[PDB]
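Trainee: Residue numbers (UniProt numbering), protein chains in the order written: chain A, 34 to 266; chain B, 5 to 126. Cβ atoms here follow ideal geometry from the backbone N, Cα and C, with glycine treated the same way.
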Amino acid sequence: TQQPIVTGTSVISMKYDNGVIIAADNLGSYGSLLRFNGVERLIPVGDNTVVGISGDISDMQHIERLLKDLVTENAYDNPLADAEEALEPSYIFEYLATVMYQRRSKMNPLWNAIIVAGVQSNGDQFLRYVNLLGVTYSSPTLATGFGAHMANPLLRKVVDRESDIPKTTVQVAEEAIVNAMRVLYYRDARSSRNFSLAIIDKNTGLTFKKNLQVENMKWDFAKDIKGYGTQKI
Amino acid sequence: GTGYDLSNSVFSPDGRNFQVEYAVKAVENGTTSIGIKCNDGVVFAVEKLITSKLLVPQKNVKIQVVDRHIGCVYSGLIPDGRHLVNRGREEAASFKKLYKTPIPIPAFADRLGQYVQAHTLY
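Structural data, given as structure tokens:
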């Protein structure tokens with residue numbers, strides 16, 4: 034049993050007609066102190082999977098190392114490591130889910146919430162969540178922490194059920210996610226303006242975008258708000 | 005007297021370890037394999053005897069990778085070869101885990117060296 038020290042906030046994601054999108058800001062908080070700003074919380078594995086992690090950062094770094102080892106190991110005595118026997122997004126998730134549940138069962142968890150986003154070899158979209166309790170689930174949209182409360186409602190207005198997936202384009206989807214990131218920056222006190230976003234398309238492959246920023250924010254109306262009730266000036 | 009060649013870690017009167025020498029015979033009886041160091045890398049190659057037309061071509065790979073930067077090929081008892089590479093892989097992962105940097109080839113060599121030397125002590 035432990036307690037998280039350096040933490041990463043929300044990880045939001047969703048799937049569209051040809052793939053999945055996943056994003057996460059670049060902050061590493063230390064309680065109320067916004068301590069680190071160059072933190073990458075999106076972990077690409079191969080070119081068909083991206084693992085987004087929130088929660089304890091030291092544990093994230095540990096999971097990172099676990100992931101690199103998976104890749105190294107899978108290549109051992111594997112002439113098809115970059116083909117028929119390359120790591121599938123579903124293998125990566127099952128592995129992490131197994132570790133997460135084993136660790137919680139030993140009462141020594143990896144204090145994280147994880148979303149594995151990717152595209153299977155047959156083209157199918159893959160989006161599944163696993164957390165420190167070993168709990169797992171799938172939905173057209175997935176978000177951790179604060180994003181679960183504010184991002185899911187927005188992303189679900191785009192893809193409210195399975196049938197909405199084939200009707201959603203990368204443009205529409207990426208737009209939703211980028212809007213959600215801005216909302217989170219407005220109401221989440223542990224968020225950052227800078228974030229990374231990744232797209233995994235069954236045709237265009239893995240596109241990883243770094244150093245994005247929340248733009249087009251509305252603050253002007255703030256000048257009109259004075260006092261907390263009766264004050265006029 | 006005699007019998008110095010029946011047990012593995014025994015010194016014969018002339019200071020030799022006959023069991024190791026007999027192991028060498030197993031090696032000389034094996035397929036030929038080589039390595040050539042170039043100006044910025046190394047090349048490994050080996051002979052794969054085709055026992056019959058039944059062996060699927062290109063399938064029974066012999067060269068093995070350790071970590072992501074080391075190549076290994078051997079002659080002799082193949083299973084012993086795999087055994088040694090498995091150890092090498094653990095040895096490499098352990099090194100990276102503690103020091104972060106992938107294991108230097110010289111360091112990797114002594115790891116394999118100490119392990120093999122260990123099998124001539126008992």
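So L165 of chain A and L143 of chain A are in contact, right, with Cβ under 8 Å, and what is the actual spacing, rounded?
Mentor: Position 132 of the first sequence holds residue 165 of chain A. Position 110 of the first sequence holds residue 143 of chain A. About 6 Å separates the two Cβ atoms, so the contact holds.
Trainee: Tell me, please, whether the stretch 91-110 of chain A touches the stretch 5-25 of chain B by the rule of three or more beta-carbon pairs shorter than 8 Å.
Mentor: Output reads no: the stretch 5-25 of chain B does not touch the stretch 91-110 of chain A.
Trainee: Using only CA atoms, which one of B:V70, B:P83, B:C42 lies nearest to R115 of chain B?
Mentor: Taking the second sequence and counting its residues from 1, one reaches residue 115 of chain B at position 111. The option with the nearest alpha carbon to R115 of chain B is B:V70.
Trainee: Please name the residue, chosen from A:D80, A:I258, A:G262, A:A213, that lies closest to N249 of chain A on a Cα-to-Cα basis.
Mentor: In the first sequence, the residue the question calls residue 249 of chain A occupies position 216. The shortest Cα separation from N249 of chain A among A:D80, A:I258, A:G262, A:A213 belongs to A:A213.
Trainee: So, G178 of chain A versus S46 of chain A, is the Cβ gap smaller than 7 Å?
Mentor: If you number the first sequence from 1, residue 178 of chain A lands on position 145. If you number the first sequence from 1, residue 46 of chain A lands on position 13. No, the pair does not count as a contact, with Cβ atoms beyond the cut-off.
Trainee: Measuring CB atoms only, is the stretch 58-77 of chain A touching the stretch 109-127 of chain A, in the sense that at least three cross pairs come out at less than 8 Å?
Mentor: Taking 8 Å as the limit for Cβ pairs, the verdict is that the stretch 109-127 of chain A does not touch the stretch 58-77 of chain A.
Trainee: Output yes if chain B places a C-beta closer than 7 Å to the C-beta of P77 of chain A; else output no.
Mentor: The residue you call residue 77 of chain A lines up with position 44 of the first sequence. Not an interface residue.
Trainee: Give the range of the alpha helix (DSSP H) segment to which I67 of chain B is assigned.
Mentor: Along the second sequence, one-based indexing puts residue 67 of chain B at 63. Where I67 of chain B is concerned, there is no enclosing alpha helix (DSSP H), given that its DSSP letter is neither H nor E.
Trainee: Roughly how many whole angstroms lie between the Cα atoms of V104 of chain A and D58 of chain A?
Mentor: Reading the first sequence from its first residue, position 71 is the one you call residue 104 of chain A. Reading the first sequence from its first residue, position 25 is the one you call residue 58 of chain A. Approximately 25 Å between the Cα atoms of the pair.
Trainee: Assuming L103 of chain A is part of the beta strand (DSSP E), what are its boundary residues?
Mentor: Residue mapping note: residue 103 of chain A aligns to position 70 of the first sequence, counting from 1. Looking at the DSSP string, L103 of chain A is not in any beta strand (DSSP E); the run it does join, the alpha helix (DSSP H), is 90-108.
Trainee: Are the Cβ atoms of residue 33 of chain A and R74 of chain A separated by less than 7 Å?
Mentor: There is no way to answer for residue 33 of chain A, as the model of chain A reaches only from 34 to 266.
Trainee: What residues in its chain sit with their C-beta under 6 Å from that of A49 of chain B, if we drop five residues either side in the sequence?
Mentor: Taking the second sequence and counting its residues from 1, the one referred to as residue 49 of chain B is at position 45. Excluding sequence neighbours, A49 of chain B sits near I38.
Trainee: Give me the DSSP bridge partner(s) of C42 of chain B.
Mentor: Here residue 42 of chain B refers to the residue found at position 38 when the second sequence is read from its first residue. Answer is none; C42 of chain B lacks a bridge partner.
Trainee: In its own chain, which residues sit with a C-beta less than 7 Å from the C-beta of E195 of chain A, not counting the 5 before and 5 after it?
Mentor: In the first sequence, the residue the question calls residue 195 of chain A occupies position 162. Once the five neighbours on either side are set aside, the close Cβ partners of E195 of chain A are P173.
Trainee: For the beta strand (DSSP E) containing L160 of chain A, name the first residue and the last one.
Mentor: Translated into the one-based positions of the first sequence, residue 160 of chain A becomes position 127. Residues 158-164.
Trainee: Below 8 Å, can you find three or more Cβ-Cβ pairs linking the stretch 231-242 of chain A to the stretch 74-84 of chain A?
Mentor: Output reads yes: the stretch 74-84 of chain A touches the stretch 231-242 of chain A.
Trainee: Would you mind telling me which residues of chain B sit closer than 9 Å to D102 of chain A, beta carbon to beta carbon, in chain order?
Mentor: The residue labelled residue 102 of chain A in the question sits at position 69 within the first sequence. Ordered by position in chain B, the residues that pass the 9 Å Cβ test against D102 of chain A are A97, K100, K101.
Trainee: Taking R72 of chain B as the query, report the chain A residues whose CB atoms sit under 8 Å from its CB, ordered along the chain.
Mentor: For the purposes of this step, residue 72 of chain B is taken as residue 68 along the second sequence, with counting starting at 1. Near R72 of chain B (Cβ distances below 8 Å), the residues of chain A are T105, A108.
Trainee: So, is the C-beta of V65 of chain B closer than 7 Å to a C-beta in chain A?
Mentor: The sequence position of residue 65 of chain B within the second sequence is 61, counting from 1. So yes, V65 of chain B belongs to the interface.
Trainee: What residues in its chain sit with their C-beta under 7 Å from that of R136 of chain A, if we drop five residues either side in the sequence?
Mentor: The sequence position of residue 136 of chain A within the first sequence is 103, counting from 1. Taken in chain order, the residues that qualify are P142, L143.
Trainee: Use the C-beta contact count for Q68 of chain B: other C-beta atoms within 10 angstroms, 16 or more gives buried, fewer gives exposed.
Mentor: Along the second sequence, one-based indexing puts residue 68 of chain B at 64. Answer is buried; the Cβ neighbour count reaches 16.
Trainee: Let me know if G19 of chain B comes out buried or exposed under the rule of 16 or more other beta-carbons within 10 Å of its beta-carbon.
Mentor: Position 15 of the second sequence, counting from 1, holds the residue named residue 19 of chain B. Its Cβ having fewer than 16 others within 10 Å, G19 of chain B is exposed.
Trainee: At least one CB of chain B closer than 7 Å to the CB of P37 of chain A: is that the case?
Mentor: Sequence index remark: in the first sequence, residue 37 of chain A carries index 4 (1-based). Not one chain B Cβ lies under 7 Å of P37 of chain A.
Trainee: Answer with buried or exposed for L10 of chain B, where buried requires no fewer than 16 other C-beta atoms within 10 angstroms of its C-beta.
Mentor: Against the second sequence, residue 10 of chain B aligns to sequence position 6. Exposed: under 16 other Cβ atoms inside 10 Å.
Trainee: Is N155 of chain A buried or exposed, if buried means 16 or more other CB atoms sit within 10 Å of its CB?
Mentor: For the purposes of this step, residue 155 of chain A is identified with residue 122 of the first sequence, where counting begins at 1. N155 of chain A comes out exposed.
Trainee: How big is the Cα-Cα spacing for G88 of chain A and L59 of chain B?
Mentor: Within the first sequence, the letter at position 55 stands for residue 88 of chain A. Within the second sequence, the letter at position 55 stands for residue 59 of chain B. The straight-line gap from Cα to Cα measures roughly 52 Å.
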